[PDB]
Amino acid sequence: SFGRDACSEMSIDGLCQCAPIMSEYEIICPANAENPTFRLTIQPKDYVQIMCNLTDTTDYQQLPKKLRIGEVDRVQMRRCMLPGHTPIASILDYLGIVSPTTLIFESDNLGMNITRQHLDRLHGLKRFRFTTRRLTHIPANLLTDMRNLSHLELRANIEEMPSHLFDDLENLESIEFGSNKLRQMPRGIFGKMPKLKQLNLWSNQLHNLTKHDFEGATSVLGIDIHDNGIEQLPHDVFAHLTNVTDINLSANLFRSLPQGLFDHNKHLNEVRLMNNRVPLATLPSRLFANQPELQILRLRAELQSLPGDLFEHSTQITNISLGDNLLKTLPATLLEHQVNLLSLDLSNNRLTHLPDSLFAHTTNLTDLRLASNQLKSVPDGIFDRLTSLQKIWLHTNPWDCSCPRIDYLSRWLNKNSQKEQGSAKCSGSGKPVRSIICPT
């Protein structure tokens, strides 16, 4: 209903000025003021943004009169007051908005708490976002008849999420409860959502998670619980997440991990455990072992040692980020089964020596970062089976350029001069390692 023609018919009237900005249309109400109560942005057929500057709910009486926006996918309301005891659909009805599948309401000027009524008529919505910096109360009936919701995002300093809020949310696939204050998981919530795949619970207060907190979450593929102040986790905490593919355990406070943490989670593909806020000295035996689909591991930090069993029979591993830890060495059998490994980052780690058999089976390794460590040498033939190698980082290491000690390395680096990123230098002298010539 709105387009190029609808923009021209406004302008000169002096009520609300419509000015085209690139692909969008900017509407200012009242026309010409550095304090407009309504600043609208519209890109026809796609989206509409309403930005309010209200003192009270009676300021909605000065909304643009008539106006036919028509078919729009997304509706975004920023800084707007909830319209007392009336539906939001009425504001949308007054602007002539039909078939909106996405509703975003972001405001620190609510004036009241959200109600089931505020969401009347628009029960066919597929995406809902409610965001505020205000201390709020969420009613258990808010999402009644929201049978079409596929994505739910709530960010309103929520301490406890009502159990009955998840009823009739049978088609939900995504949850985003990041930056709330949740202390506990609402009980029996996943029995209600058999199509849930993404579960974002990051930046909450879920310090005490147990096996029962994810009962019925058998269809879930991704669980993000980063920054939850978790110090400890029972071994069976993810027993019920049998389809889980991605787990984010980052920015937590683990001093240790239990032994069979990923047992029953045999469809894992990526595990992140980055920026641990305290030293996590080591990982338990076979933590990432017998995983037939596991490919990516992002691990940081203050890890001091790893078990030789860590990746046992996880032959599909392709990327391992072990950089910025405190590892002094690695077990010789650590990468025995990583036939499909493509990238290995061990930079900034304090490594003093490497076993000669470490890269014996990583024949698909293309990138190897060993820079910024404490290596004086590498054993003879260590890199010989790296047939697929393309790039290697060996700089910022105190290499001992004594012969015969530096012979294999200097010779190997001359034979593979293109592959070296940066320049590995001799300790003291500062001469490049590949410029040292040992006899015979």
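Numbers follow the displayed sequence, beginning with 1.
- For the pair 132-140 and 227-235, the record assigns the higher mean C-alpha temperature factor to 132-140.
- The question of which stretch, 158-166 or 176-184, has the higher mean Cα B factor is settled in favour of 158-166.
- Across the residues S90, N200, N290, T333, the deposited record lists the maximum Cα B factor for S90.
- For the set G308, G216, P355, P100, the PDB entry puts the maximum C-alpha B factor at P100.
- In the PDB entry, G381 places in the middle third of its chain by CA B-factor.
- In the PDB entry, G111 places in the highest third of its chain by CA B-factor.
- When all modelled residues of the chain are sorted by CA temperature factor, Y94 is found within the highest third.
- Per the PDB record, residue ranking by Cα B-factor puts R68 in the highest third of the chain.
- For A424, the recorded CA B-factor ranks within the lowest third of the chain. Only modelled residues enter the ranking.
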